[PDB]
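Everything on this sheet refers to the single structure shown next.
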Amino acid sequence: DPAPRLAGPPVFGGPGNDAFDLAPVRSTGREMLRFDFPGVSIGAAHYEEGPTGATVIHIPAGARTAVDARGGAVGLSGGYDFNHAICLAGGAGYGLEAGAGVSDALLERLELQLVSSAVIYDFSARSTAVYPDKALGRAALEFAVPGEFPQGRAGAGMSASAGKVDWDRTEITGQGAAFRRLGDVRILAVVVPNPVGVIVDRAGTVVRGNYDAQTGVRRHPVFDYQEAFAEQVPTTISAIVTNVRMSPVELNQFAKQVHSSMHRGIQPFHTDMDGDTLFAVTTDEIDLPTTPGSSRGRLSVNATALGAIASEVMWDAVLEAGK
Amino acid sequence: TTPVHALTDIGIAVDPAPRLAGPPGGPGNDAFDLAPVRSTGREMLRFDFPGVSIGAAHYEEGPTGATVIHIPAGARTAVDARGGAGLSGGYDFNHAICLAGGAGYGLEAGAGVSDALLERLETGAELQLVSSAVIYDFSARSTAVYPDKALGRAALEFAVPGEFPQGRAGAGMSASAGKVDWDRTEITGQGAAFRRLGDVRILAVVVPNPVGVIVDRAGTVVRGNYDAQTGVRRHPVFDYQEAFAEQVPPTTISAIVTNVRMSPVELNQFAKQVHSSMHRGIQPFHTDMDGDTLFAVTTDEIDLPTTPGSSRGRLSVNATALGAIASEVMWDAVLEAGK
Ligand SMILES: [Cl-]
Ligand SMILES: [Cl-]
Ligand SMILES: [Cl-]
Ligand SMILES: [Cl-]
Ligand SMILES: [Cl-]
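Chains as they are written, first to last, in the deposited numbering: chain A, 19 to 128, 136 to 259, 267 to 355; chain B, 3 to 12, 15 to 28, 31 to 91, 93 to 129, 132 to 133, 135 to 260, 267 to 355.
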């Protein structure tokens, strides 16, 4: 039963990028997750003037990627099946410019450097028109370090929010990550939930979004929706990074499986008002065995198994963003 | 002057002279003080389509460029993206479409457009929506300069109603065709064409950077796969079949804009029909090495009649008919790019 973080009403018409001399800030969030995943670095930067920001996953060697993009409001750039970086940002479609800043910083750091970017609309959660721009994307890349992720209000999660049946009940989320290692297998989940729905934990409790100040209690949106019909008639952007070799077909199905699994932690999900986008990335370092047997079952070591495990890592990340 | 049966019976005079791109690790944008140039190409197409403006700008230092179609009202859009080998937005409603060189780096030009549009609006949908697509034009020149935010802003600022610069202009500056071997690749250009039939308006814009070659309605290869040893261009299939017998022994970005109202389903099918029709003028097309992308846009100004009949047949006035007509406009635009 966490304390509320109501976004409150936006005032539109606020100052935009041209009104400020905008200084990138390295985002530290509420706490740092530390993880051991060689070849994967994360940077996050924000403008306090927004507040809004960008988070970048940099895999310098390049990595095979599948994109699973769902619903009616997707704002995506690049979308390559091979990337050196994934950039997530606020600022709606304007924030895609941060990915150009990353592409720039990748050149300066130096044949094509490939960056895929996705965004959330975060303007209703604040009272300015500031967006992540080329300078902020460059900063995020420059700030990237191995094995750290800033949880909470950091990078793209600065002004992310959940539970949009009515904006009077919408709460600020954050960004979240989680990491697991099993033998040599490594899985990192990164998520920026800006859902129309709410964040739900494994017991079914609504933990962020749709908080009613009149009652002090969060509701699952379906209870509002059903009563609304009875009376009247008559986006999340995310990445899963692993080191297990998967074919293009396996990686694409893995992406779909993990992305669907997020309707456990975010409800509703994949709605017409969401543009949910998941990047599944593999560093292609570890082979799955040629046969899928173990003591735990004849069909227990395969890409479906990896998908189920990664789905748990992603639910933990979603809960970190909502914490 | 002759009975009209085939398309060839009714043209664009393509220059037979070669324009070989020639063989290509050179300087990038910050090596230069880059000033956008308004692109005028080899000639200006003039057309009457209020609400639609086109601007084109280039950097001579590339040479590379961007071409922007601005529809300030916003327009419903279908994207048909068809191959292997860089898109931004791909929204189902757009205030602008930005086509650029520079491979994926040139998607930055669309951000320049988006930012300029946001500034004119002094973030509620007051969101300005720009979809961008790119071609890889780096093999056709010796620098790494790409269309950036400033160049996209400049293309938008240079946009005028009712004009389009044909040839080596905007995104077409360093486009090229015919890539069985780079020794036979020729520079293309960008091209546009426009038809008004009754109240119906159709504008085609294309930037062909194909693996394949540009082909006219008679079947003659007119740009790409020019063999300097023979002085002629042949269809790539002759090279491919000879290659197989020997060794295995016993992107185009485009937009089609119309004023006719179509539902989301009709528009998406219209996009697929027109895009496929381009395998007539570009061959091969939709290959694994191409990332072909077409934007089909309607300004939703006029309705088709409720019934599809006419003196020319029971099923003659419908979106399929519109797609067939628009396909010819697009082939003309392809030929203008190769001229
Ligand atoms: Cl929102
Ligand atoms: Cl839980
Ligand atoms: Cl090329
Ligand atoms: Cl600029
Ligand atoms: Cl012809």
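Quick reminder that beta carbons are idealized off the backbone N, C-alpha and C, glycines included.
Within 9 Å of any Cβ in chain A, is that where the Cβ of residue i sits?
i	result
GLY133(B)	yes
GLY34(B)	yes
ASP11(B)	no
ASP191(B)	no
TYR112(B)	yes
residue 29(B)	What the structure lacks is residue 29(B): chain B is numbered 28, then 31, with the residues between left out.
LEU283(B)	no
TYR98(B)	yes
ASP39(B)	no
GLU167(B)	no
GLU67(B)	no
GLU317(B)	no
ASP308(B)	no
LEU125(B)	yes
At a Cβ threshold of 9 Å, is residue i touching chain B?
i	result
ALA154(A)	yes
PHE30(A)	yes
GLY89(A)	no
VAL140(A)	yes
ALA118(A)	yes
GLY108(A)	no
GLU256(A)	no
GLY93(A)	yes
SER121(A)	yes
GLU115(A)	yes
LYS355(A)	no
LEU137(A)	yes
Going by C-alpha distance, which of the options is nearest residue i?
i	options	result
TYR112(A)	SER142(A), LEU137(A) and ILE104(A)	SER142(A)
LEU24(A)	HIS64(A), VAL221(A), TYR236(A) and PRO175(A)	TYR236(A)
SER292(A)	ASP36(A), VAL85(A) and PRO69(A)	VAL85(A)
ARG227(A)	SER343(A), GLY57(A), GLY329(A) and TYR65(A)	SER343(A)
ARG243(B)	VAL225(B), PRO175(B) and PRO56(B)	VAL225(B)
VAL140(A)	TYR156(A), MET183(A), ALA81(A) and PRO175(A)	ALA81(A)
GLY172(B)	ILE77(B), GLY339(B), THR70(B) and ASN35(B)	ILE77(B)
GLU66(B)	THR314(B), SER152(B) and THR132(B)	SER152(B)
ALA72(B)	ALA87(B), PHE38(B), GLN289(B) and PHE174(B)	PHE174(B)
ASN219(A)	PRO42(A), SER59(A), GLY31(A) and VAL92(A)	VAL92(A)
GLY229(A)	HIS245(A), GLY241(A) and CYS105(A)	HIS245(A)
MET294(B)	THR268(B), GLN138(B) and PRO157(B)	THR268(B)
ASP36(B)	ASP11(B), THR46(B), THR132(B) and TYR156(B)	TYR156(B)
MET50(A)	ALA312(A), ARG178(A), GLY222(A) and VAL190(A)	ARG178(A)
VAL273(A)	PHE311(A), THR240(A) and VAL258(A)	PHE311(A)
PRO33(A)	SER149(B), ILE75(B), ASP158(B) and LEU125(B)	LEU125(B)
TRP192(A)	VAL258(A), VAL170(A) and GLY222(A)	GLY222(A)
Just curious, the beta strand (DSSP E) that residue i is in, first and last residue?
i	result
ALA107(A)	100-107
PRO218(A)	210-218
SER142(B)	140-144
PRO78(B)	70-87
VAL225(B)	223-225
Using a 10 Å radius around the Cβ and a threshold of 16 neighbouring Cβ atoms, would you call residue i buried or exposed?
i	result
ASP54(B)	exposed
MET305(A)	exposed
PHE254(A)	exposed
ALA17(B)	exposed
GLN299(B)	buried
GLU115(A)	buried
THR322(B)	exposed
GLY96(A)	buried
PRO280(B)	exposed
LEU128(A)	exposed
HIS7(B)	exposed
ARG52(B)	exposed
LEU283(A)	buried
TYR250(A)	exposed
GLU196(B)	buried
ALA349(B)	buried
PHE248(A)	exposed
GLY15(B)	exposed
Could you give the residue range of the alpha helix (DSSP H) that holds residue i?
i	result
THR336(B)	335-354
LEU94(A)	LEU94(A) -> not in any alpha helix (DSSP H); beta strand (DSSP E) instead, spanning 94-96.
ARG233(B)	Not the alpha helix (DSSP H): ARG233(B) falls in the beta strand (DSSP E), residues 231-233.
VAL120(B)	115-127
Counting only runs that start and end within the segment 19-60 of chain A, where is the alpha helix (DSSP H) found for 4 or more residues in a row? none
Secondary structure, beta strand (DSSP E): runs of 3+ residues fully inside the segment 140-212 of chain B: 140-144, 173-176 and 201-207
Could you tell me which uninterrupted alpha helix (DSSP H) segments, each at least 4 residues in length, are contained entirely in the segment 268-329 of chain B, listed from first to last along the chain? 280-293
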